[PDB]
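Text of the file start-v1.txt, holding compact mmCIF, N, CA and C atoms and all ligand atoms:
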# COMPACT_ATOMS: atom_id res chain seq x y z
N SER A 1 87.39 86.17 98.06
CA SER A 1 86.54 87.28 98.49
C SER A 1 86.53 88.43 97.46
N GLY A 2 85.54 89.31 97.57
CA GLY A 2 85.44 90.47 96.68
C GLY A 2 84.01 90.93 96.45
N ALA A 3 83.83 92.23 96.17
CA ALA A 3 82.51 92.80 95.96
C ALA A 3 82.53 93.95 94.95
N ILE A 4 81.36 94.28 94.37
CA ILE A 4 81.20 95.43 93.47
C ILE A 4 80.39 96.48 94.26
N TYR A 5 80.89 97.70 94.32
CA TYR A 5 80.22 98.78 95.04
C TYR A 5 79.76 99.77 94.01
N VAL A 6 78.45 99.81 93.76
CA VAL A 6 77.88 100.71 92.75
C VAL A 6 76.70 101.46 93.36
N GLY A 7 76.82 102.78 93.47
CA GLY A 7 75.79 103.59 94.10
C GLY A 7 75.60 103.18 95.55
N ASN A 8 74.35 103.00 95.98
CA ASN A 8 74.08 102.54 97.34
C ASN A 8 73.92 101.00 97.45
N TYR A 9 74.57 100.26 96.53
CA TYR A 9 74.54 98.79 96.49
C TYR A 9 75.92 98.19 96.60
N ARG A 10 75.98 97.02 97.23
CA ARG A 10 77.16 96.18 97.33
C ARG A 10 76.72 94.82 96.72
N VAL A 11 77.44 94.31 95.70
CA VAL A 11 77.12 93.04 95.03
C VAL A 11 78.14 92.02 95.47
N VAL A 12 77.70 90.89 95.99
CA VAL A 12 78.65 89.86 96.43
C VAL A 12 78.19 88.46 96.00
N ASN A 13 79.08 87.44 96.09
CA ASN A 13 78.67 86.05 95.92
C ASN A 13 77.67 85.73 97.05
N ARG A 14 76.52 85.17 96.71
CA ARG A 14 75.52 84.83 97.72
C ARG A 14 76.10 83.85 98.76
N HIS A 15 76.99 82.92 98.33
CA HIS A 15 77.56 81.95 99.28
C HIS A 15 78.60 82.56 100.27
N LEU A 16 79.04 83.79 100.02
CA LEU A 16 79.99 84.48 100.88
C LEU A 16 79.39 85.72 101.59
N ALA A 17 78.08 85.99 101.41
CA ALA A 17 77.47 87.16 102.02
C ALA A 17 77.52 87.08 103.56
N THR A 18 77.69 88.24 104.21
CA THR A 18 77.80 88.38 105.68
C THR A 18 76.42 88.56 106.37
N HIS A 19 76.37 88.58 107.74
CA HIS A 19 75.12 88.84 108.47
C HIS A 19 74.59 90.22 108.08
N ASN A 20 75.49 91.21 107.96
CA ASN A 20 75.18 92.57 107.55
C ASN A 20 74.52 92.63 106.19
N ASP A 21 75.08 91.91 105.20
CA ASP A 21 74.50 91.79 103.85
C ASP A 21 73.03 91.30 103.93
N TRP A 22 72.77 90.24 104.69
CA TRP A 22 71.42 89.68 104.83
C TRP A 22 70.47 90.59 105.64
N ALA A 23 71.02 91.39 106.56
CA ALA A 23 70.24 92.36 107.35
C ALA A 23 69.91 93.63 106.52
N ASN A 24 70.64 93.86 105.42
CA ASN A 24 70.37 94.99 104.55
C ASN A 24 70.11 94.48 103.12
N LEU A 25 69.46 93.29 103.00
CA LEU A 25 69.15 92.60 101.75
C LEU A 25 68.27 93.45 100.87
N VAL A 26 68.62 93.58 99.58
CA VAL A 26 67.86 94.25 98.53
C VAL A 26 67.28 93.15 97.58
N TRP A 27 68.13 92.20 97.19
CA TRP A 27 67.79 91.13 96.27
C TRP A 27 68.80 90.00 96.34
N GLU A 28 68.34 88.78 96.18
CA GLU A 28 69.23 87.63 96.11
C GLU A 28 68.66 86.56 95.15
N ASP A 29 69.54 85.78 94.54
CA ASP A 29 69.13 84.72 93.65
C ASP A 29 70.11 83.56 93.83
N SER A 30 69.65 82.48 94.49
CA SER A 30 70.49 81.32 94.73
C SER A 30 70.95 80.69 93.40
N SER A 31 70.06 80.70 92.37
CA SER A 31 70.40 80.12 91.08
C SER A 31 71.52 80.88 90.34
N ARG A 32 71.77 82.14 90.70
CA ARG A 32 72.86 82.95 90.11
C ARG A 32 74.07 83.13 91.06
N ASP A 33 73.94 82.68 92.33
CA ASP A 33 74.95 82.87 93.38
C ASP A 33 75.23 84.38 93.55
N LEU A 34 74.17 85.22 93.51
CA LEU A 34 74.35 86.68 93.73
C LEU A 34 73.49 87.15 94.89
N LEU A 35 73.96 88.18 95.57
CA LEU A 35 73.24 88.84 96.64
C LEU A 35 73.66 90.30 96.60
N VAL A 36 72.68 91.21 96.66
CA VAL A 36 72.87 92.66 96.66
C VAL A 36 72.32 93.21 97.97
N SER A 37 73.17 93.93 98.69
CA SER A 37 72.82 94.60 99.95
C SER A 37 73.00 96.11 99.83
N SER A 38 72.29 96.85 100.69
CA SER A 38 72.37 98.30 100.65
C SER A 38 73.54 98.82 101.48
N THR A 39 74.07 99.98 101.11
CA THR A 39 75.18 100.63 101.81
C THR A 39 74.83 102.09 102.04
N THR A 40 75.40 102.70 103.07
CA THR A 40 75.17 104.11 103.36
C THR A 40 76.05 105.00 102.46
N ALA A 41 77.28 104.56 102.16
CA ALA A 41 78.20 105.35 101.35
C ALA A 41 78.04 105.05 99.86
N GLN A 42 78.33 106.03 99.01
CA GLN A 42 78.20 105.87 97.57
C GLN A 42 79.39 105.10 96.99
N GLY A 43 79.09 104.15 96.11
CA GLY A 43 80.05 103.29 95.43
C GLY A 43 80.53 103.83 94.10
N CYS A 44 81.82 103.67 93.84
CA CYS A 44 82.41 104.25 92.64
C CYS A 44 82.90 103.22 91.60
N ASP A 45 82.07 102.19 91.32
CA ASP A 45 82.32 101.18 90.28
C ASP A 45 81.28 101.42 89.17
N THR A 46 81.69 101.30 87.92
CA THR A 46 80.83 101.47 86.74
C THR A 46 80.46 100.07 86.23
N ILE A 47 79.17 99.82 85.90
CA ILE A 47 78.77 98.52 85.37
C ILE A 47 78.75 98.60 83.85
N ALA A 48 79.26 97.58 83.17
CA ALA A 48 79.23 97.55 81.71
C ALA A 48 77.84 97.12 81.23
N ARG A 49 77.40 97.70 80.13
CA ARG A 49 76.14 97.35 79.50
C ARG A 49 76.53 97.00 78.07
N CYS A 50 76.83 95.71 77.82
CA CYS A 50 77.40 95.30 76.53
C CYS A 50 77.30 93.77 76.31
N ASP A 51 77.81 93.27 75.15
CA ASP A 51 77.88 91.84 74.89
C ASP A 51 79.35 91.38 74.69
N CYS A 52 80.31 92.07 75.33
CA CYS A 52 81.73 91.71 75.26
C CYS A 52 81.96 90.26 75.67
N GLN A 53 82.81 89.56 74.95
CA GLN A 53 83.23 88.22 75.33
C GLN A 53 84.74 88.17 75.63
N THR A 54 85.38 89.33 75.89
CA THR A 54 86.79 89.42 76.26
C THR A 54 86.88 90.47 77.37
N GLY A 55 87.80 90.23 78.28
CA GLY A 55 87.99 91.08 79.44
C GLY A 55 89.17 90.64 80.28
N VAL A 56 89.29 91.20 81.48
CA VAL A 56 90.41 90.97 82.40
C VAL A 56 89.81 90.69 83.78
N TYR A 57 90.23 89.60 84.43
CA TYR A 57 89.75 89.29 85.77
C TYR A 57 90.91 89.28 86.79
N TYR A 58 90.61 89.58 88.06
CA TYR A 58 91.60 89.53 89.13
C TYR A 58 91.60 88.13 89.77
N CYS A 59 92.79 87.52 89.86
CA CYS A 59 92.93 86.18 90.43
C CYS A 59 93.75 86.27 91.74
N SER A 60 93.05 86.34 92.89
CA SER A 60 93.73 86.47 94.17
C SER A 60 94.69 85.34 94.47
N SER A 61 94.41 84.10 94.02
CA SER A 61 95.35 82.98 94.26
C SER A 61 96.69 83.11 93.50
N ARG A 62 96.79 84.10 92.59
CA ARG A 62 98.04 84.38 91.89
C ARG A 62 98.50 85.83 92.08
N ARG A 63 97.70 86.68 92.79
CA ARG A 63 97.91 88.13 92.93
C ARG A 63 98.17 88.76 91.55
N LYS A 64 97.36 88.34 90.56
CA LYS A 64 97.57 88.81 89.18
C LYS A 64 96.23 88.99 88.46
N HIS A 65 96.23 89.84 87.42
CA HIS A 65 95.08 89.99 86.55
C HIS A 65 95.38 89.19 85.26
N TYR A 66 94.37 88.52 84.73
CA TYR A 66 94.57 87.77 83.49
C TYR A 66 93.57 88.16 82.44
N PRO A 67 94.02 88.31 81.18
CA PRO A 67 93.04 88.52 80.09
C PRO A 67 92.35 87.16 79.75
N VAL A 68 91.05 87.20 79.45
CA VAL A 68 90.28 86.00 79.12
C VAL A 68 89.26 86.26 78.01
N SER A 69 88.92 85.18 77.29
CA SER A 69 87.80 85.09 76.37
C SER A 69 86.76 84.31 77.22
N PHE A 70 85.50 84.74 77.21
CA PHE A 70 84.50 84.07 78.06
C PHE A 70 83.22 83.83 77.30
N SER A 71 82.45 82.81 77.71
CA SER A 71 81.23 82.46 76.99
C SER A 71 80.08 83.44 77.30
N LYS A 72 78.98 83.34 76.55
CA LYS A 72 77.79 84.15 76.82
C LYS A 72 77.09 83.64 78.09
N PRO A 73 76.39 84.53 78.82
CA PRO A 73 75.66 84.10 80.04
C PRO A 73 74.71 82.93 79.77
N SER A 74 74.87 81.83 80.51
CA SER A 74 74.05 80.64 80.27
C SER A 74 73.89 79.76 81.53
N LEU A 75 73.03 78.71 81.43
CA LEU A 75 72.77 77.73 82.49
C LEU A 75 73.86 76.69 82.40
N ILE A 76 74.66 76.55 83.45
CA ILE A 76 75.75 75.58 83.46
C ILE A 76 75.67 74.73 84.72
N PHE A 77 75.89 73.40 84.60
CA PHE A 77 75.86 72.53 85.77
C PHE A 77 77.04 72.81 86.70
N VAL A 78 76.75 72.88 88.00
CA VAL A 78 77.75 73.11 89.04
C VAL A 78 77.62 72.00 90.08
N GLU A 79 78.73 71.27 90.28
CA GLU A 79 78.87 70.17 91.25
C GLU A 79 78.40 70.60 92.65
N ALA A 80 77.91 69.64 93.46
CA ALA A 80 77.48 69.97 94.83
C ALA A 80 78.62 70.56 95.67
N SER A 81 78.29 71.37 96.67
CA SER A 81 79.29 71.99 97.55
C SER A 81 78.68 72.20 98.97
N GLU A 82 79.44 72.82 99.89
CA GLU A 82 78.95 73.09 101.25
C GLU A 82 77.85 74.16 101.32
N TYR A 83 77.68 74.94 100.24
CA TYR A 83 76.69 76.00 100.20
C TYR A 83 75.49 75.63 99.32
N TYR A 84 75.69 74.79 98.29
CA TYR A 84 74.58 74.40 97.41
C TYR A 84 74.57 72.92 97.06
N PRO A 85 73.39 72.35 96.76
CA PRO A 85 73.37 70.99 96.18
C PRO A 85 73.76 71.08 94.68
N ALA A 86 73.91 69.93 93.99
CA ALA A 86 74.23 69.94 92.55
C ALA A 86 73.06 70.61 91.80
N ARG A 87 73.35 71.60 90.93
CA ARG A 87 72.27 72.34 90.26
C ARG A 87 72.74 73.06 88.98
N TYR A 88 71.81 73.69 88.24
CA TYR A 88 72.17 74.53 87.11
C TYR A 88 72.28 75.97 87.66
N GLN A 89 73.42 76.63 87.43
CA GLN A 89 73.58 78.03 87.83
C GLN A 89 73.33 78.86 86.57
N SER A 90 72.41 79.79 86.62
CA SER A 90 72.10 80.62 85.45
C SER A 90 72.97 81.89 85.42
N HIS A 91 72.99 82.56 84.25
CA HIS A 91 73.75 83.79 84.02
C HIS A 91 75.25 83.60 84.27
N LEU A 92 75.77 82.40 84.03
CA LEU A 92 77.17 82.09 84.29
C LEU A 92 77.98 82.08 82.99
N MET A 93 79.19 82.65 83.03
CA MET A 93 80.09 82.72 81.86
C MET A 93 81.39 81.99 82.16
N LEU A 94 81.84 81.04 81.31
CA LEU A 94 83.08 80.33 81.58
C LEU A 94 84.24 80.83 80.72
N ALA A 95 85.45 80.73 81.26
CA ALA A 95 86.70 81.04 80.56
C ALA A 95 87.75 79.98 80.93
N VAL A 96 88.79 79.84 80.10
CA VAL A 96 89.92 79.00 80.39
C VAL A 96 90.87 79.93 81.17
N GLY A 97 91.16 79.54 82.39
CA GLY A 97 91.99 80.33 83.28
C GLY A 97 92.08 79.71 84.65
N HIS A 98 93.04 80.19 85.43
CA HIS A 98 93.24 79.68 86.77
C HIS A 98 92.24 80.28 87.75
N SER A 99 91.74 79.43 88.63
CA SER A 99 90.87 79.80 89.71
C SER A 99 90.87 78.66 90.72
N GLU A 100 90.78 79.00 91.99
CA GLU A 100 90.66 78.03 93.06
C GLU A 100 89.72 78.58 94.17
N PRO A 101 89.23 77.75 95.14
CA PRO A 101 88.37 78.31 96.21
C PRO A 101 89.13 79.45 96.89
N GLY A 102 88.46 80.57 97.06
CA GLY A 102 89.10 81.77 97.57
C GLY A 102 89.15 82.86 96.50
N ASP A 103 89.07 82.47 95.21
CA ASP A 103 89.05 83.42 94.09
C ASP A 103 87.70 84.04 93.84
N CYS A 104 86.59 83.43 94.38
CA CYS A 104 85.24 84.01 94.21
C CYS A 104 85.23 85.46 94.69
N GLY A 105 84.58 86.34 93.95
CA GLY A 105 84.55 87.74 94.31
C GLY A 105 85.48 88.59 93.48
N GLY A 106 86.50 87.98 92.87
CA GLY A 106 87.38 88.70 91.95
C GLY A 106 86.58 89.28 90.78
N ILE A 107 86.80 90.55 90.48
CA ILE A 107 86.07 91.24 89.44
C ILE A 107 86.56 90.91 88.02
N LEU A 108 85.60 90.74 87.10
CA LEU A 108 85.89 90.62 85.66
C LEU A 108 85.46 91.97 85.03
N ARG A 109 86.33 92.56 84.20
CA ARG A 109 86.07 93.88 83.61
C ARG A 109 86.39 93.86 82.12
N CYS A 110 85.64 94.63 81.32
CA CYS A 110 85.96 94.83 79.91
C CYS A 110 86.20 96.35 79.75
N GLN A 111 86.37 96.86 78.51
CA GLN A 111 86.60 98.29 78.31
C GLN A 111 85.41 99.14 78.79
N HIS A 112 84.19 98.56 78.86
CA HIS A 112 83.00 99.32 79.27
C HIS A 112 82.75 99.37 80.79
N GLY A 113 83.49 98.57 81.56
CA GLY A 113 83.30 98.53 83.00
C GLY A 113 83.21 97.12 83.58
N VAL A 114 82.60 97.01 84.78
CA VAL A 114 82.44 95.77 85.51
C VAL A 114 81.47 94.85 84.80
N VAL A 115 81.93 93.63 84.51
CA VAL A 115 81.14 92.61 83.84
C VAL A 115 80.45 91.63 84.83
N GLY A 116 81.20 91.19 85.82
CA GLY A 116 80.71 90.24 86.81
C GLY A 116 81.79 89.84 87.78
N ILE A 117 81.56 88.76 88.53
CA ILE A 117 82.51 88.32 89.55
C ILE A 117 82.75 86.83 89.48
N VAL A 118 83.96 86.38 89.88
CA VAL A 118 84.26 84.94 89.95
C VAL A 118 83.25 84.26 90.89
N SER A 119 82.67 83.15 90.44
CA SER A 119 81.69 82.42 91.21
C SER A 119 81.96 80.91 91.20
N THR A 120 82.57 80.38 90.10
CA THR A 120 82.87 78.94 89.98
C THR A 120 84.27 78.72 89.32
N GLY A 121 84.71 77.46 89.21
CA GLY A 121 85.94 77.11 88.53
C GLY A 121 86.24 75.63 88.65
N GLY A 122 87.47 75.29 88.31
CA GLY A 122 87.97 73.92 88.37
C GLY A 122 88.54 73.44 87.05
N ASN A 123 89.64 72.69 87.10
CA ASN A 123 90.26 72.05 85.94
C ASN A 123 90.74 73.00 84.83
N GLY A 124 91.25 74.16 85.20
CA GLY A 124 91.71 75.11 84.20
C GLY A 124 90.59 75.98 83.66
N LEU A 125 89.44 76.01 84.34
CA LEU A 125 88.31 76.86 83.98
C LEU A 125 88.02 77.84 85.12
N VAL A 126 87.36 78.96 84.79
CA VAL A 126 86.87 79.90 85.78
C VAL A 126 85.50 80.39 85.29
N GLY A 127 84.52 80.43 86.18
CA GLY A 127 83.18 80.90 85.90
C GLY A 127 82.86 82.23 86.58
N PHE A 128 82.18 83.14 85.86
CA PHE A 128 81.83 84.48 86.31
C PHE A 128 80.30 84.67 86.32
N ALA A 129 79.75 85.11 87.48
CA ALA A 129 78.34 85.44 87.58
C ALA A 129 78.20 86.80 86.89
N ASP A 130 77.44 86.86 85.79
CA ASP A 130 77.22 88.10 85.06
C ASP A 130 76.35 89.09 85.85
N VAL A 131 76.63 90.41 85.71
CA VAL A 131 75.79 91.44 86.35
C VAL A 131 75.28 92.49 85.34
N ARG A 132 75.67 92.40 84.05
CA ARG A 132 75.34 93.36 83.01
C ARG A 132 73.85 93.50 82.74
N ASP A 133 73.04 92.48 83.07
CA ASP A 133 71.58 92.58 82.87
C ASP A 133 70.86 93.32 83.99
N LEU A 134 71.51 93.48 85.17
CA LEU A 134 70.89 94.13 86.34
C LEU A 134 70.90 95.64 86.18
N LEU A 135 70.02 96.15 85.32
CA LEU A 135 69.97 97.57 84.97
C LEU A 135 69.64 98.48 86.15
N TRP A 136 68.87 97.95 87.13
CA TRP A 136 68.47 98.68 88.33
C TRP A 136 69.64 99.07 89.23
N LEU A 137 70.80 98.42 89.08
CA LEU A 137 71.99 98.76 89.85
C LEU A 137 72.40 100.23 89.62
N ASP A 138 72.00 100.84 88.47
CA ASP A 138 72.32 102.21 88.06
C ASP A 138 71.27 103.25 88.33
N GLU A 139 70.07 102.85 88.75
CA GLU A 139 68.98 103.80 88.99
C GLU A 139 68.37 103.67 90.38
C1 LIG B 201 86.44 79.70 92.02
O1 LIG B 201 85.71 78.52 92.38
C2 LIG B 201 86.29 77.30 92.15
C3 LIG B 201 87.60 77.12 91.71
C4 LIG B 201 88.13 75.83 91.63
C5 LIG B 201 87.36 74.74 91.97
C6 LIG B 201 86.04 74.90 92.37
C7 LIG B 201 85.50 76.18 92.45
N1 LIG B 201 84.12 76.34 92.79
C8 LIG B 201 83.14 75.90 91.80
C9 LIG B 201 83.67 76.91 93.97
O2 LIG B 201 84.43 77.54 94.69
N2 LIG B 201 82.37 76.68 94.35
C10 LIG B 201 82.18 76.39 95.78
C11 LIG B 201 81.31 77.45 96.41
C12 LIG B 201 80.00 77.61 95.63
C13 LIG B 201 80.27 77.95 94.15
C14 LIG B 201 78.96 78.07 93.38
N3 LIG B 201 78.82 79.16 92.64
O3 LIG B 201 78.09 77.20 93.47
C15 LIG B 201 81.13 76.83 93.58
ZN ZN B 202 82.03 95.44 77.33
Conversion result in structure tokens:
Amino acid sequence: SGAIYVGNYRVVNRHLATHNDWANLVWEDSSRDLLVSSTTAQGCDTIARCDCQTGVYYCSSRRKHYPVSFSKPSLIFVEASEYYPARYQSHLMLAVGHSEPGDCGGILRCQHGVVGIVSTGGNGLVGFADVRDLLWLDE
């Protein structure tokens, strides 16, 4: 679990969004596994606007933060699951690191701010749904 709270927006994994998230839907993209809902209170997270390929992510299955090198946002194949059929997930960045089901929502951050959230993994890899292109999150 996990979310980014920026301004009057809450950013979450689309496969973990609540009834409330869908009742206050602003935007969603199944191909990116992202969903943005509106909030009444102001959020105090800063979004990074950069091309960093190094950062630190929170891994709830280890209660630890890990430094990682990660790929550029791209279309990557993701095995079928209870929420999606087998498909290409866009805007996804992979790193070598620990992740297991339950780690989705953990924030990835670089020196400039929030980069994205854990969305995929397996076999010593972890995938992050990028949010740095969503410029509207700030205006
Ligand atoms: C951190 O995630 C993992 C870790 C280890 C092993 C597997 C995972 N994966 C990949 C997932 O949990 N999922 C299932 C829920 C839907 C996700 C998606 N974006 O399509 C993929
Ligand atoms: Zn950065």
Name all residues at most 6.5 Å from region 112-127 of chain A (count only N, CA and C atoms; drop same-chain ones fewer than 6 positions away) and give them as a ChimeraX atom specification. /A:45-49,92-100,103-106
The residue from A:53, A:31, A:60, A:69 with the smallest atom-to-atom distance to ligand ZN 202 (chain B), counting only N, CA and C atoms and all ligand atoms, is A:53
As a compact mmCIF listing (two decimals) with N, CA and C atoms, in the coordinates of the input, please: every protein or nucleic acid residue near ligand ZN 202 (chain B) (cut-off 5 Å, counting all atoms listed in the file).
# COMPACT_ATOMS: atom_id res chain seq x y z
N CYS A 50 76.83 95.71 77.82
CA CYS A 50 77.40 95.30 76.53
C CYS A 50 77.30 93.77 76.31
N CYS A 52 80.31 92.07 75.33
CA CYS A 52 81.73 91.71 75.26
C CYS A 52 81.96 90.26 75.67
N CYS A 110 85.64 94.63 81.32
CA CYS A 110 85.96 94.83 79.91
C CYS A 110 86.20 96.35 79.75
N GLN A 111 86.37 96.86 78.51
CA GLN A 111 86.60 98.29 78.31
C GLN A 111 85.41 99.14 78.79
N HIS A 112 84.19 98.56 78.86
CA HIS A 112 83.00 99.32 79.27
C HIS A 112 82.75 99.37 80.79
Contacts of residue 75 (chain A) within 12 Å, only C-alpha atoms, excl. fewer than 2 positions in-chain, as a list in words: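 Residues near the query, excluding close chain neighbours: residues 31, 32, 71, 72, 73, 77, 78, 87, 88, 89, 90, 91, 92, 93, 94, 127, 128, 129 and 130 of chain A.
CA of residue 131 (chain A) sits 10.9 Å away from CA of residue 35 (chain A).
Considering the residues A:44, A:16, A:36, A:3 and counting all atoms listed in the file, ligand LIG 201 (chain B) has its shortest atom-to-atom contact with A:16.
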- Report the distance between atom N1 of ligand LIG 201 (chain B) and CA of residue 54 (chain A) in Å, rounded to one decimal place.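 We find that atom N1 of ligand LIG 201 (chain B) and CA of residue 54 (chain A) lie 21.2 Å from each other.
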All strand (DSSP E or B) positions in region 38-135 of chain A, as a compact mmCIF listing (two decimals) with N, CA and C atoms, keeping the file's coordinate frame:
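New file states_6.txt:
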# COMPACT_ATOMS: atom_id res chain seq x y z
N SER A 38 72.29 96.85 100.69
CA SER A 38 72.37 98.30 100.65
C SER A 38 73.54 98.82 101.48
N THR A 39 74.07 99.98 101.11
CA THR A 39 75.18 100.63 101.81
C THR A 39 74.83 102.09 102.04
N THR A 40 75.40 102.70 103.07
CA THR A 40 75.17 104.11 103.36
C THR A 40 76.05 105.00 102.46
N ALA A 41 77.28 104.56 102.16
CA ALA A 41 78.20 105.35 101.35
C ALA A 41 78.04 105.05 99.86
N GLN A 42 78.33 106.03 99.01
CA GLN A 42 78.20 105.87 97.57
C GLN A 42 79.39 105.10 96.99
N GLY A 43 79.09 104.15 96.11
CA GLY A 43 80.05 103.29 95.43
C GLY A 43 80.53 103.83 94.10
N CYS A 44 81.82 103.67 93.84
CA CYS A 44 82.41 104.25 92.64
C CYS A 44 82.90 103.22 91.60
N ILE A 47 79.17 99.82 85.90
CA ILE A 47 78.77 98.52 85.37
C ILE A 47 78.75 98.60 83.85
N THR A 54 85.38 89.33 75.89
CA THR A 54 86.79 89.42 76.26
C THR A 54 86.88 90.47 77.37
N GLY A 55 87.80 90.23 78.28
CA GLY A 55 87.99 91.08 79.44
C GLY A 55 89.17 90.64 80.28
N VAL A 56 89.29 91.20 81.48
CA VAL A 56 90.41 90.97 82.40
C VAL A 56 89.81 90.69 83.78
N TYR A 57 90.23 89.60 84.43
CA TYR A 57 89.75 89.29 85.77
C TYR A 57 90.91 89.28 86.79
N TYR A 58 90.61 89.58 88.06
CA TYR A 58 91.60 89.53 89.13
C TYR A 58 91.60 88.13 89.77
N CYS A 59 92.79 87.52 89.86
CA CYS A 59 92.93 86.18 90.43
C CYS A 59 93.75 86.27 91.74
N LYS A 64 97.36 88.34 90.56
CA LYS A 64 97.57 88.81 89.18
C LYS A 64 96.23 88.99 88.46
N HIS A 65 96.23 89.84 87.42
CA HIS A 65 95.08 89.99 86.55
C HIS A 65 95.38 89.19 85.26
N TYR A 66 94.37 88.52 84.73
CA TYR A 66 94.57 87.77 83.49
C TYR A 66 93.57 88.16 82.44
N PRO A 67 94.02 88.31 81.18
CA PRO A 67 93.04 88.52 80.09
C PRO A 67 92.35 87.16 79.75
N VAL A 68 91.05 87.20 79.45
CA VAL A 68 90.28 86.00 79.12
C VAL A 68 89.26 86.26 78.01
N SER A 69 88.92 85.18 77.29
CA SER A 69 87.80 85.09 76.37
C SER A 69 86.76 84.31 77.22
N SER A 74 74.87 81.83 80.51
CA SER A 74 74.05 80.64 80.27
C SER A 74 73.89 79.76 81.53
N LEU A 75 73.03 78.71 81.43
CA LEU A 75 72.77 77.73 82.49
C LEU A 75 73.86 76.69 82.40
N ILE A 76 74.66 76.55 83.45
CA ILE A 76 75.75 75.58 83.46
C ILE A 76 75.67 74.73 84.72
N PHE A 77 75.89 73.40 84.60
CA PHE A 77 75.86 72.53 85.77
C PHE A 77 77.04 72.81 86.70
N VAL A 78 76.75 72.88 88.00
CA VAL A 78 77.75 73.11 89.04
C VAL A 78 77.62 72.00 90.08
N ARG A 87 73.35 71.60 90.93
CA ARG A 87 72.27 72.34 90.26
C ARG A 87 72.74 73.06 88.98
N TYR A 88 71.81 73.69 88.24
CA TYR A 88 72.17 74.53 87.11
C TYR A 88 72.28 75.97 87.66
N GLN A 89 73.42 76.63 87.43
CA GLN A 89 73.58 78.03 87.83
C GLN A 89 73.33 78.86 86.57
N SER A 90 72.41 79.79 86.62
CA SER A 90 72.10 80.62 85.45
C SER A 90 72.97 81.89 85.42
N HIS A 91 72.99 82.56 84.25
CA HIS A 91 73.75 83.79 84.02
C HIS A 91 75.25 83.60 84.27
N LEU A 92 75.77 82.40 84.03
CA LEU A 92 77.17 82.09 84.29
C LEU A 92 77.98 82.08 82.99
N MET A 93 79.19 82.65 83.03
CA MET A 93 80.09 82.72 81.86
C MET A 93 81.39 81.99 82.16
N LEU A 94 81.84 81.04 81.31
CA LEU A 94 83.08 80.33 81.58
C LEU A 94 84.24 80.83 80.72
N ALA A 95 85.45 80.73 81.26
CA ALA A 95 86.70 81.04 80.56
C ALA A 95 87.75 79.98 80.93
N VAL A 96 88.79 79.84 80.10
CA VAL A 96 89.92 79.00 80.39
C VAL A 96 90.87 79.93 81.17
N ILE A 107 86.80 90.55 90.48
CA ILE A 107 86.07 91.24 89.44
C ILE A 107 86.56 90.91 88.02
N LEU A 108 85.60 90.74 87.10
CA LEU A 108 85.89 90.62 85.66
C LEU A 108 85.46 91.97 85.03
N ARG A 109 86.33 92.56 84.20
CA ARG A 109 86.07 93.88 83.61
C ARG A 109 86.39 93.86 82.12
N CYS A 110 85.64 94.63 81.32
CA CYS A 110 85.96 94.83 79.91
C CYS A 110 86.20 96.35 79.75
N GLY A 113 83.49 98.57 81.56
CA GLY A 113 83.30 98.53 83.00
C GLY A 113 83.21 97.12 83.58
N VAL A 114 82.60 97.01 84.78
CA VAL A 114 82.44 95.77 85.51
C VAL A 114 81.47 94.85 84.80
N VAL A 115 81.93 93.63 84.51
CA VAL A 115 81.14 92.61 83.84
C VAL A 115 80.45 91.63 84.83
N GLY A 116 81.20 91.19 85.82
CA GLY A 116 80.71 90.24 86.81
C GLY A 116 81.79 89.84 87.78
N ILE A 117 81.56 88.76 88.53
CA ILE A 117 82.51 88.32 89.55
C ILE A 117 82.75 86.83 89.48
N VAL A 118 83.96 86.38 89.88
CA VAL A 118 84.26 84.94 89.95
C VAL A 118 83.25 84.26 90.89
N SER A 119 82.67 83.15 90.44
CA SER A 119 81.69 82.42 91.21
C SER A 119 81.96 80.91 91.20
N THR A 120 82.57 80.38 90.10
CA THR A 120 82.87 78.94 89.98
C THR A 120 84.27 78.72 89.32
N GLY A 121 84.71 77.46 89.21
CA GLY A 121 85.94 77.11 88.53
C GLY A 121 86.24 75.63 88.65
N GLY A 122 87.47 75.29 88.31
CA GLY A 122 87.97 73.92 88.37
C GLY A 122 88.54 73.44 87.05
N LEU A 125 89.44 76.01 84.34
CA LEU A 125 88.31 76.86 83.98
C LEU A 125 88.02 77.84 85.12
N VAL A 126 87.36 78.96 84.79
CA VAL A 126 86.87 79.90 85.78
C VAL A 126 85.50 80.39 85.29
N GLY A 127 84.52 80.43 86.18
CA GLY A 127 83.18 80.90 85.90
C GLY A 127 82.86 82.23 86.58
N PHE A 128 82.18 83.14 85.86
CA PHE A 128 81.83 84.48 86.31
C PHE A 128 80.30 84.67 86.32
N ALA A 129 79.75 85.11 87.48
CA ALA A 129 78.34 85.44 87.58
C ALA A 129 78.20 86.80 86.89
N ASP A 130 77.44 86.86 85.79
CA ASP A 130 77.22 88.10 85.06
C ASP A 130 76.35 89.09 85.85
In Å and to one decimal, atom C of residue 55 (chain A) is distant from atom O1 of ligand LIG 201 (chain B) by 17.5 Å
* **Per-residue DSSP, chain A, filtered to helix (DSSP H, G or I), as a list in words** => residues 14, 15, 16, 19, 20, 21, 22, 23, 135, 136, 137 and 138 of chain A
Min atom-atom distance to ligand LIG 201 (chain B) from the set A:24, A:51, A:6, A:33, counting all atoms listed in the file, belongs to A:33
Of A:101, A:2, A:7, A:67, the one sitting nearest ligand LIG 201 (chain B) when using only C-alpha atoms and all ligand atoms is A:101
Applying 7 Å and only C-alpha atoms, which residues near residue 66 (chain A) remain after dropping the ones on its own chain fewer than 6 positions away? List them as an mmCIF file with N, CA and C atoms, in the coordinates of the input.
data_model
loop_
_atom_site.group_PDB
_atom_site.id
_atom_site.type_symbol
_atom_site.label_atom_id
_atom_site.label_comp_id
_atom_site.auth_asym_id
_atom_site.auth_seq_id
_atom_site.Cartn_x
_atom_site.Cartn_y
_atom_site.Cartn_z
ATOM 1 N N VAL A 56 89.290 91.200 81.480
ATOM 2 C CA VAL A 56 90.410 90.970 82.400
ATOM 3 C C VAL A 56 89.810 90.690 83.780
ATOM 4 N N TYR A 57 90.230 89.600 84.430
ATOM 5 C CA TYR A 57 89.750 89.290 85.770
ATOM 6 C C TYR A 57 90.910 89.280 86.790
ATOM 7 N N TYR A 58 90.610 89.580 88.060
ATOM 8 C CA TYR A 58 91.600 89.530 89.130
ATOM 9 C C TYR A 58 91.600 88.130 89.770
#
